[PDB]
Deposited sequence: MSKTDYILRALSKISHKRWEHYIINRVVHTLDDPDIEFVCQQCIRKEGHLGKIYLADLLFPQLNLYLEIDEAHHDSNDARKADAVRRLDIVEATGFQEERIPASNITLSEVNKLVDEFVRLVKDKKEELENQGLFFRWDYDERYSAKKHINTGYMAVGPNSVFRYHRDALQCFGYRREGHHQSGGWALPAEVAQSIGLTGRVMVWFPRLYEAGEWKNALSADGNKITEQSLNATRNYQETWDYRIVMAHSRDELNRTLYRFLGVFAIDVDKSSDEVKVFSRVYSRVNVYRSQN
């Protein structure tokens, strides 16, 4: 789907909520910068472990900013396809969709579009800002540039071959063991794999994700596939879906078996690191 195709669907998909459509459409158009990513109607986890999902109306991946304008339909469904993103150290600006006039409302938008304008001066003054690159939407490139990978809007991957490239894949269905070299290089101590899990009942696994974002539970339905956990860390790239029901893999963080809580039938993994360095064979 083309960038414009993307841009044109983004602005036009918000016709349910009339107030939201205005304010979204105003700001994006107002701003008139095609070097700036924006996401619409992205469900979200916010600061503090709450298990509560919020709907962010505008999110700018490349600045840690989202706009909120104050739904159980979407929230329940996105969760259902793990279409969530953890937006921590993400600035929240807000706009009230009640008890206000347009002349004030698009004053706020006028103010907020300055933020977006000004919070990009910093990232350009500090040489951290990298112009929106749509065609590398779901690739490694960003991550190899940065050298690390956090939970966020950025760490999403179309295919397995795309996340494994951040961990030395040169050539990857199911799981991939990092070579002991890279494992140690990126600063994980042990025996380490990337896991591409389903986080629901699927074939022979009834898996699950805590509301927290912080505990994976996995339960084998078939028992000939009960096993002993030999891995010290799992880097988890969970199966999830688009608004258009396409498969993406979301980086959930680096997890590790909780051994007391775990069993042969039912293992429990806790989240240990919410980011991870990425491996380039350098210096």
Practice task
Spell out the unmodelled ranges of the deposited sequence for me, N- to C-terminal, numbering from the first residue.
Solution key: 71-76, 178-181
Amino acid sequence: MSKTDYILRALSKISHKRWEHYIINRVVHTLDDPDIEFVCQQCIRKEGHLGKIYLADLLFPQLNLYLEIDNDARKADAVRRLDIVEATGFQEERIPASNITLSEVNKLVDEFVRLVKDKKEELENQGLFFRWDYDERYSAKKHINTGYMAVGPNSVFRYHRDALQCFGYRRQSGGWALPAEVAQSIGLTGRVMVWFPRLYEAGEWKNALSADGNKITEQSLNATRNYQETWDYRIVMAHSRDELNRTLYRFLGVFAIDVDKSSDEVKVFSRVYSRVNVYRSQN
From here on, numbers count along this sequence of modelled residues.
Exercise for the section: Look over 28-36 and 252-260 in the entry and identify the one with the greater average Cα temperature factor. Expected result: 28-36
Practice task
Take the C-alpha B-factors listed in the entry for 13-21 and for 266-274, compute each mean, and give the stretch with the larger one.
Solution key: 13-21
Practice task
From the list 83, 162, 72, 181, select the residue with the highest C-alpha B factor recorded in the entry.
Solution key: 72
Completion exercise
Highest CA B factor of 78, 192, 199, 144, as deposited, is found at 78
Problem - For residue 139, the third of its chain into which the C-alpha B factor falls - result: middle
Exercise for the section: Can you work out whether the C-alpha temperature factor of residue 187 puts it in the lowest, middle or highest third of the chain? Expected result: lowest
Completion exercise
Binned into thirds over the chain's modelled residues, the C-alpha B-factor of residue 117 lands in the highest
Exercise for the section: Report the third (lowest, middle or highest) to which the CA temperature factor of residue 49 belongs, ranking only the modelled residues of the same chain. Expected result: highest
Completion exercise
Of the three thirds of the chain ranked by Cα temperature factor, residue 169 occupies the middle
